[PDB]
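Quick notes on the structure that follows.
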Amino acid sequence: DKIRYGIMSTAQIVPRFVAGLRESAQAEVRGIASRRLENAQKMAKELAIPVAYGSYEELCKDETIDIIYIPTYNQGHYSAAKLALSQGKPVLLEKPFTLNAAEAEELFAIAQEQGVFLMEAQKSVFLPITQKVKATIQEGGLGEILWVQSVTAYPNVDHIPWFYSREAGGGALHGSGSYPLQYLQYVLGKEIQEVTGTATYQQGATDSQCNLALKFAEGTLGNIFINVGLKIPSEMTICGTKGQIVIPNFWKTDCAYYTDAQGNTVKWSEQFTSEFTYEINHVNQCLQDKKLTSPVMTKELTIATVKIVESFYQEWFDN
Amino acid sequence: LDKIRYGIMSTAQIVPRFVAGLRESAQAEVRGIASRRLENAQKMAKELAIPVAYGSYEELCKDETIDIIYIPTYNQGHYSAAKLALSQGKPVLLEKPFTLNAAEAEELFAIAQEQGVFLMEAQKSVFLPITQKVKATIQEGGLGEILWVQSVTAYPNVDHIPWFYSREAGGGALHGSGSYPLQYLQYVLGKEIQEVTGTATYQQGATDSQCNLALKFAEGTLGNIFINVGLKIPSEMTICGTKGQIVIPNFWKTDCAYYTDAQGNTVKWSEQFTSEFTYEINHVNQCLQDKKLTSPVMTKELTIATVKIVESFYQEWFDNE
């Protein structure tokens, strides 16, 4: 029974997520906070949330809330999430998890000393189609994988008013490098062993695009390409000695294409429920099993990622 | 009426196809081939209607009838073989990998220049008519601003080449086909490569079986090159601009290309040919005729640079002395 969720903001993403909890298995949204109550209420009523707080401290002190979701702006994750973990309540922090590796680890540590769950929020790794790609790769399927690549391109970035600030959000890499690189490690069951790349960026700004070279734990190379400006499709391709899979919009896909060693390519089609519904369920389940961390979106994978992402922006905006 | 008389320094497997294209050109004609053993030369010399046969390379260089020598000898012998002919006062057309050492490639141009002789790396990709269309389309704004280009190349089996895993011999995936995509890509773009990094799959004391390159070009355009063995996927190259793109199948020997314009409709460009060698050859002839020592396309700069780039990777990987 149960599982009431508290929301730490009025982030435009809040509703879709709330819709998600509703489509979820055993979870309901209880409590929503702000710094400005009227702001919270307005959405608290727009949606069907029943409690309200003009402060995050409040949302925390409350006990009618079991776990909190922090979909706030980037440089405020750390403080926001630190105000919960220290206070006892479990956290579902968003991407970027952190814009600083150290900040990332601490977060996990104090979360542990408090014996309270802590996971980064990634819709992709829990989709029904993603689960099958991983299934197939392990069970023979494509022979061994030698190379994987990802292409992500947004036409405009004018709906992200802070796109060109390093300290705030970031660039193409901050924007969407974690998902693809986390995802691959997951479907392959291998850890990123190497990574170096290039990128486009004027000074005192962010990178409009970047192209990452990759190496995995098992003889499989990879390429990640995030871009702004192009109008090409976003698709991931897994290539094995015996097969291939192409995944369109891997973070919200319901379908994928598998090609065999013979020429035959088929379409896998697992249908659109809710896009958020899947990770929420996983999380709920993690909680039932009194677990501090997720076995998929593990601690090391989350830390490891911010580390890489930050060494890159370090590499660029500094020196 | 007169023609440039070509000399072939070896009895390479590629020789017959080269001779096929040579014969298809306007001003070329074959007149000599030489091997380190004589019948090894005459055997091929007789199947191909090639007059003259020499039993050594030295003889081929001494012959006053050969106006130029094509060297398709094994990788380790490019340097020594070219040095021989250029120092002997003959112009050379050398097969790639042009060399396995930057300084060696540099010296080769040093002697050619001191001998006032023509020298170029044999490279068919850059001369195809289809490639020209791509270059022009990009320069006239056909695709807008180029933000990303990529190239994938796969060879199911590499078991028709024994030395493939000898870093000393010919090399790995990057020695085998990395020079074409980087030179092809720089050439179509009008931009120079100014940054490159990558990862590769290799065992110790071995060459790479796979290879993934990340790179940067002047003017804000990024790229990725992927070369490998074992996969069965097609070999494609893609140029992505803000107003459209182009997909090139088997760029090194293709007669077609897939252009997609700003509006959104894609068309198939098409040209036909019997040999990938012809374009490369009569371009070479046109160079000899105009009396030049270097080619404006496959330049000294480009080649030397490409060699530096390829070897730098074998240095990181299988080395670090």
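A note on labels: chains of the structure tokens are A, B, ... as shown, every chain counts residues from 1, and ligands are counted from 1 in their shown order.
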- [ ] Within range 33-201 of chain A, find each residue whose DSSP state, derived from the backbone, is alpha helix (DSSP H), and express the selection as number ranges by chain.
- [x] A: 37-46, 56-61, 77-85, 101-113, 128-138, 172-176, 178-188
Open item on the list: Taking only C-alpha atoms into account, find every residue of chain B that has an atom no more than 10 Å from chain A, and write it out as a PyMOL selection string.
Closed with: chain B and resi 145-148+156+195-203+209-217+219-226+228-233+240-245+262
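All residues of protein, DNA or RNA that reach within 12 Å of residue 266 in chain B, judged by only C-alpha atoms and not counting those fewer than 3 positions away in the chain, are residues 244, 245, 246, 247, 257, 258, 259, 260, 261, 262, 263 and 269 of chain B.
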TODO: Any chance you could list, as a PyMOL selection string, the residues in range 37-204 of chain B that come up strand (DSSP E or B) when DSSP is run on the backbone?
DONE: chain B and resi 53-54+68-71+92-94+119-121+146-155+193-202
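The gap separating CA of residue 299 in chain A from CA of residue 85 in chain A is 14.9 Å, in Å to one decimal.
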Considering only C-alpha atoms, return as a short mmCIF file (atom, residue, chain, number, x, y, z; two decimals) with N, CA, C and O atoms, in the first residue's frame whatever protein or nucleic-acid residues lie within 7 Å of range 65-72 of chain A, sequence-local ones (same chain, fewer than 4 positions apart) excluded.
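Generated output (part.cif):
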data_model
loop_
_atom_site.label_atom_id
_atom_site.label_comp_id
_atom_site.auth_asym_id
_atom_site.auth_seq_id
_atom_site.Cartn_x
_atom_site.Cartn_y
_atom_site.Cartn_z
N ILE A 3 2.70 5.00 -0.77
CA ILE A 3 3.71 5.81 -1.44
C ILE A 3 3.32 7.15 -2.01
O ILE A 3 3.01 7.32 -3.18
N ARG A 4 3.37 8.11 -1.09
CA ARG A 4 3.06 9.49 -1.37
C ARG A 4 4.34 10.25 -1.71
O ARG A 4 5.34 10.16 -1.00
N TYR A 5 4.28 10.99 -2.81
CA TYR A 5 5.40 11.77 -3.31
C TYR A 5 5.27 13.26 -3.05
O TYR A 5 4.20 13.85 -3.23
N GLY A 6 6.38 13.88 -2.66
CA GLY A 6 6.40 15.31 -2.44
C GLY A 6 7.19 15.91 -3.59
O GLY A 6 8.15 15.30 -4.05
N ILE A 7 6.78 17.07 -4.08
CA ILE A 7 7.51 17.71 -5.17
C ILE A 7 8.14 19.00 -4.67
O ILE A 7 7.49 19.79 -3.98
N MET A 8 9.40 19.21 -5.01
CA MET A 8 10.15 20.36 -4.55
C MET A 8 10.07 21.59 -5.44
O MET A 8 10.93 22.45 -5.37
N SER A 9 9.06 21.69 -6.29
CA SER A 9 8.99 22.85 -7.16
C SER A 9 7.74 22.89 -8.02
O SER A 9 6.81 22.11 -7.83
N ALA A 11 8.33 23.19 -11.36
CA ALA A 11 9.00 22.97 -12.65
C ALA A 11 7.97 22.50 -13.67
O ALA A 11 7.19 21.60 -13.40
N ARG A 30 1.49 13.46 -2.88
CA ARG A 30 1.02 14.21 -1.72
C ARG A 30 2.01 15.29 -1.31
O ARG A 30 3.13 14.99 -0.89
N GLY A 31 1.58 16.55 -1.40
CA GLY A 31 2.47 17.63 -1.01
C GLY A 31 3.33 18.19 -2.13
O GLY A 31 3.95 17.47 -2.90
N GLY A 76 20.98 24.20 -8.28
CA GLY A 76 20.22 24.12 -7.05
C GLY A 76 19.85 22.71 -6.67
O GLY A 76 19.15 22.49 -5.71
N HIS A 77 20.32 21.74 -7.44
CA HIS A 77 20.03 20.36 -7.07
C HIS A 77 20.65 20.09 -5.71
O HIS A 77 19.98 19.95 -4.70
N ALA A 81 18.60 18.88 -2.71
CA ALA A 81 18.66 17.48 -2.31
C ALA A 81 19.38 17.25 -0.99
O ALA A 81 19.17 16.24 -0.32
N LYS A 89 14.29 12.19 4.72
CA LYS A 89 13.51 11.76 3.54
C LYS A 89 14.32 11.38 2.29
O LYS A 89 15.30 12.04 1.95
N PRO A 90 13.90 10.30 1.58
CA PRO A 90 14.52 9.77 0.35
C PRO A 90 14.39 10.68 -0.87
O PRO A 90 13.40 11.39 -1.03
N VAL A 91 15.40 10.64 -1.74
CA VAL A 91 15.43 11.50 -2.92
C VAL A 91 15.55 10.87 -4.32
O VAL A 91 16.26 9.89 -4.54
N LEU A 92 14.83 11.49 -5.25
CA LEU A 92 14.80 11.13 -6.66
C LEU A 92 15.26 12.40 -7.37
O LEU A 92 14.44 13.19 -7.84
N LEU A 93 16.57 12.60 -7.43
CA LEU A 93 17.16 13.79 -8.04
C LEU A 93 17.24 13.70 -9.56
O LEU A 93 17.43 12.62 -10.12
N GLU A 94 17.10 14.84 -10.23
CA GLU A 94 17.14 14.81 -11.69
C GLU A 94 18.49 15.07 -12.34
O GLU A 94 19.51 15.21 -11.66
#
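Residues in contact range of range 252-255 of chain A, defined as at most 9 Å between only C-alpha atoms, with sequence neighbours fewer than 4 positions away removed, read residues 123, 124, 127, 128, 129, 130, 247, 248, 267, 268, 269, 270, 271, 272 and 275 of chain A.
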Selection: 9 Å around residue 207 in chain B, only C-alpha atoms, excl. self and same-chain fewer than 5 positions, as a PDB file with N, CA and C atoms, in the first residue's frame:
ATOM      1  N   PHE B 164      47.900  -8.284 -41.475  1.00  0.00           N
ATOM      2  CA  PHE B 164      47.035  -7.321 -40.828  1.00  0.00           C
ATOM      3  C   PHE B 164      47.375  -7.012 -39.377  1.00  0.00           C
ATOM      4  N   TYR B 165      47.812  -8.000 -38.604  1.00  0.00           N
ATOM      5  CA  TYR B 165      48.115  -7.720 -37.203  1.00  0.00           C
ATOM      6  C   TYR B 165      49.582  -7.462 -36.867  1.00  0.00           C
ATOM      7  N   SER B 166      50.343  -7.037 -37.869  1.00  0.00           N
ATOM      8  CA  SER B 166      51.747  -6.716 -37.694  1.00  0.00           C
ATOM      9  C   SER B 166      51.868  -5.199 -37.757  1.00  0.00           C
ATOM     10  N   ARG B 167      52.257  -4.577 -36.643  1.00  0.00           N
ATOM     11  CA  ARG B 167      52.396  -3.118 -36.586  1.00  0.00           C
ATOM     12  C   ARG B 167      53.595  -2.716 -37.422  1.00  0.00           C
ATOM     13  N   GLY B 171      49.769  -2.889 -41.071  1.00  0.00           N
ATOM     14  CA  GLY B 171      49.041  -2.281 -39.983  1.00  0.00           C
ATOM     15  C   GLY B 171      47.658  -2.778 -39.694  1.00  0.00           C
ATOM     16  N   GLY B 172      46.929  -1.970 -38.936  1.00  0.00           N
ATOM     17  CA  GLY B 172      45.575  -2.332 -38.583  1.00  0.00           C
ATOM     18  C   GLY B 172      44.541  -1.504 -39.314  1.00  0.00           C
ATOM     19  N   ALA B 173      43.339  -1.517 -38.757  1.00  0.00           N
ATOM     20  CA  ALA B 173      42.201  -0.799 -39.310  1.00  0.00           C
ATOM     21  C   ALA B 173      42.537   0.625 -39.748  1.00  0.00           C
ATOM     22  N   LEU B 174      43.375   1.322 -38.987  1.00  0.00           N
ATOM     23  CA  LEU B 174      43.692   2.700 -39.339  1.00  0.00           C
ATOM     24  C   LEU B 174      44.700   2.804 -40.478  1.00  0.00           C
ATOM     25  N   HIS B 175      45.610   1.845 -40.569  1.00  0.00           N
ATOM     26  CA  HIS B 175      46.590   1.845 -41.648  1.00  0.00           C
ATOM     27  C   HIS B 175      45.870   1.436 -42.929  1.00  0.00           C
ATOM     28  N   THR B 201      40.358  -0.898 -30.663  1.00  0.00           N
ATOM     29  CA  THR B 201      40.330  -2.228 -30.094  1.00  0.00           C
ATOM     30  C   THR B 201      41.550  -2.975 -30.616  1.00  0.00           C
ATOM     31  N   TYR B 202      42.425  -3.362 -29.699  1.00  0.00           N
ATOM     32  CA  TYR B 202      43.651  -4.052 -30.062  1.00  0.00           C
ATOM     33  C   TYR B 202      44.225  -4.827 -28.896  1.00  0.00           C
ATOM     34  N   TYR B 314      49.244   4.970 -33.514  1.00  0.00           N
ATOM     35  CA  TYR B 314      49.941   3.712 -33.270  1.00  0.00           C
ATOM     36  C   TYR B 314      50.960   3.916 -32.145  1.00  0.00           C
ATOM     37  N   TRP B 317      48.720   3.879 -28.751  1.00  0.00           N
ATOM     38  CA  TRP B 317      48.294   2.495 -28.582  1.00  0.00           C
ATOM     39  C   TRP B 317      49.306   1.391 -28.285  1.00  0.00           C
ATOM     40  N   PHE B 318      50.037   1.012 -29.321  1.00  0.00           N
ATOM     41  CA  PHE B 318      51.028  -0.054 -29.245  1.00  0.00           C
ATOM     42  C   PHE B 318      52.411   0.523 -29.155  1.00  0.00           C
TER      43      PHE B 318
END
Task: Shell around residue 35 in chain A at 12 Å using only C-alpha atoms, local window under 5 positions removed, as a ChimeraX atom specification - done: /A:8-10,40-41,52-59,80
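Of note, CA of residue 308 in chain B and CA of residue 92 in chain B are spaced 20.5 Å apart.
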Could you give me, as CSV, a per-residue list for range 276-310 of chain B showing, wherever an atom lies at most 8 Å from an atom of range 26-46 of chain B, the closest pair of atoms and their distance in Å to one decimal, using only C-alpha atoms and sorting by chain then residue number from low to high?
residue,atom,partner,partner_atom,distance
B:281,CA,B:28,CA,7.8
B:282,CA,B:26,CA,6.6
B:285,CA,B:27,CA,6.7
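The gap separating CA of residue 178 in chain B from CA of residue 124 in chain B is 13.9 Å, in Å to one decimal.
Proximity ranking of A:206, A:12, A:298, A:74 relative to residue 163 in chain A places A:206 first, based on only C-alpha atoms.
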